[PDB]
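As a starting point, one isolated chain is supplied in structure tokens, in the form deposited in one PDB entry.
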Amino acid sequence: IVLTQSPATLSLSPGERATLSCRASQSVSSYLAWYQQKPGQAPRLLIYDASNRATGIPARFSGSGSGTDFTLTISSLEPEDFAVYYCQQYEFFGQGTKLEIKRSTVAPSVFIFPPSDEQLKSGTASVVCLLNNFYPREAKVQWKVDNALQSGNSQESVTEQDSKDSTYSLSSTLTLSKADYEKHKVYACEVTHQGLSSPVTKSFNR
């Protein structure tokens, strides 16, 4: 049995209706569970036997379907409803649908931090670029050193969608040795995001 969930990612406004699909390849059964998982938590059972609401689950959650196709519906999205959703039949789970809150576009506030004297004393230089409170999630950060594009010497991380304002934040770290760091002058992060008319460059002179 292979469980195919659709869509991979679903982005909707609160108050709106969500419909998630689960297709079960070799199933002639009417059993299906759905689960909600929030960041840092165990999955929480929502629906069982395709259409019964589990313990403590609100009326806006409903399920239907049987055999090969199933659906999970959320009647009017509350902001607490936004999470990763999995379906399951017997031992098999679907890959997960990420349900995120859709909101108005917000451009990133961009900040850049040179390496600390203390790290420099230890022989290493990490430069950090912060993209604070933006939406949508899609954002491209590029590191330029004396106008030269860097690759494979940076790592990035993104926060979960904020439960208050539904924005994201991103942290990107470019790491060099102290010796390499001092061979160059201008350190820059170039940010591309749909909220920005043109790419924004924040930079500093070592």
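Each residue number is its position in the shown sequence, starting from 1. In this text, the rigid core denotes the largest set of C-alpha atoms whose superposition between the two forms falls within 1.5 Å.
The following text describes the form deposited in another entry, which does not appear among the structures shown.
Q: Which is the one residue in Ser66, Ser177, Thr173, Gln37 whose C-alpha moves 2 Å or more between the shown form and the other one, relative to the superposed rigid core?
A: So the only displaced C-alpha belongs to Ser66.
Q: Taking the rigid core as the frame, does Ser27 move its C-alpha by 2 Å or more between the shown form and the other one?
A: Comparing the forms between the shown form and the other one, which are aligned on their rigid core, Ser27 does shift its C-alpha by 2 Å or more.
Q: Once the core is aligned, does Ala50 move its Cα by at least 2 Å between the shown form and the other one?
A: Yes: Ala50 shifts by at least 2 Å between the shown form and the other one.
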